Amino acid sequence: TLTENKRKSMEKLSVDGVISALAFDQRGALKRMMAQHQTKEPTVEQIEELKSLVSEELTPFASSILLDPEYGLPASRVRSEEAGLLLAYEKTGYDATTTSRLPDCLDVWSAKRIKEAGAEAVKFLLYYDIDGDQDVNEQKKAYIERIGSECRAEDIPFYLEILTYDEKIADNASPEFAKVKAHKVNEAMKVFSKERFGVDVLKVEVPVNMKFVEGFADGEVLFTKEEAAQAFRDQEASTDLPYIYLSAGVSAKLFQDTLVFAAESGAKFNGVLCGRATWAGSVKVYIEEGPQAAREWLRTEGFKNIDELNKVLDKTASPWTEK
């Protein structure tokens, strides 16, 4: 039961109950990508400019765009008139030195300032290991409670992104992690669907690593199609909140086929916040060839990525205007 203002904001972020959002709040990760292609340190100006190019060129094809408030405010002002705005609230990355990956809001931001910056939603990323240290998870749960309350007070939708991991498993791309991924994703969704966290939409991973699923796997096969399908149904049974998928930087084609698979399996997902799968290739072009060359990439390859995604969404996603 959304308040009047939260519903209006949700409408601004969606079309006919489906969220077809573009994600570009990447910061540290984006800077590292740019650094691969030039000698000099990527500048604040370059980061701000690439974000503006992506926003201006691709938001006409998205129901909304997620940006960070650190570099993305200029980009937010050139988004399509029909597209809504989400702003990220978390500091970028995490400490690889430890296993706790504790959440931390941007130092000079608050839900109120995010709303004042023109956002229709506050987005926050939490790393979560359901099987992790209980005191660490207690601190994480308390942190999300605070943000949930902020968003209730400011009357702005709270989008919580959850990225799972295992304290003892170094690489989430490994077969070892793939075997526990469904558990990590689905149980974390169940926790954060509790009323006390104030979440309006969950941004989550697919509960399987498709690279290990029969029909998609090019190497070791860990799961039959029926086993993978059951993980999607388990995900659907973990929450009654709206939820949308992140791409995790797989290829545009794989993400598309994954959504088709999710839908056939019985996942009633409500759209996507898709970032890297759409715009990844623009970074090299921007750095090596400049702004105009990036625009031309975005109008051809970038458009192809988001256009094919939109066609898939049209035949796979379920409207949140039912829940």
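All residue numbers refer to positions in the sequence shown, first residue = 1. Throughout, rigid core stands for the largest set of C-alpha atoms superposing within 1.5 Å between the two forms.
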Stretch departing more from the displayed form, 241 to 249 or 201 to 209, Cα RMS in 6 other deposited structures of this protein (core fit):
241 to 249
Between 190 to 198 and 205 to 213 (mean CA B-factor, as deposited), the higher:
205 to 213
Averaged over C-alpha atoms, is the B-factor higher for 156 to 164 or for 85 to 93 in this PDB entry?
85 to 93
Identify, among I244, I169, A231, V122, the residue whose C-alpha carries the highest B-factor in the deposited PDB entry.
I169
Looking at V108, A111, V221, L126, which has the biggest Cα B factor in the entry?
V221
Could you look up the Cα B-factor of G271 in the entry and say which third of the chain it sits in: lowest, middle or highest?
lowest
Could you look up the Cα B-factor of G249 in the entry and say which third of the chain it sits in: lowest, middle or highest?
highest
Third of chain Cα B-factors occupied by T3:
highest
Going by the recorded CA B-factors, say which third of the chain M33 sits in, lowest, middle or highest.
highest
Please say which third, lowest, middle or highest, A277 falls into when its CA temperature factor is compared across its chain.
middle
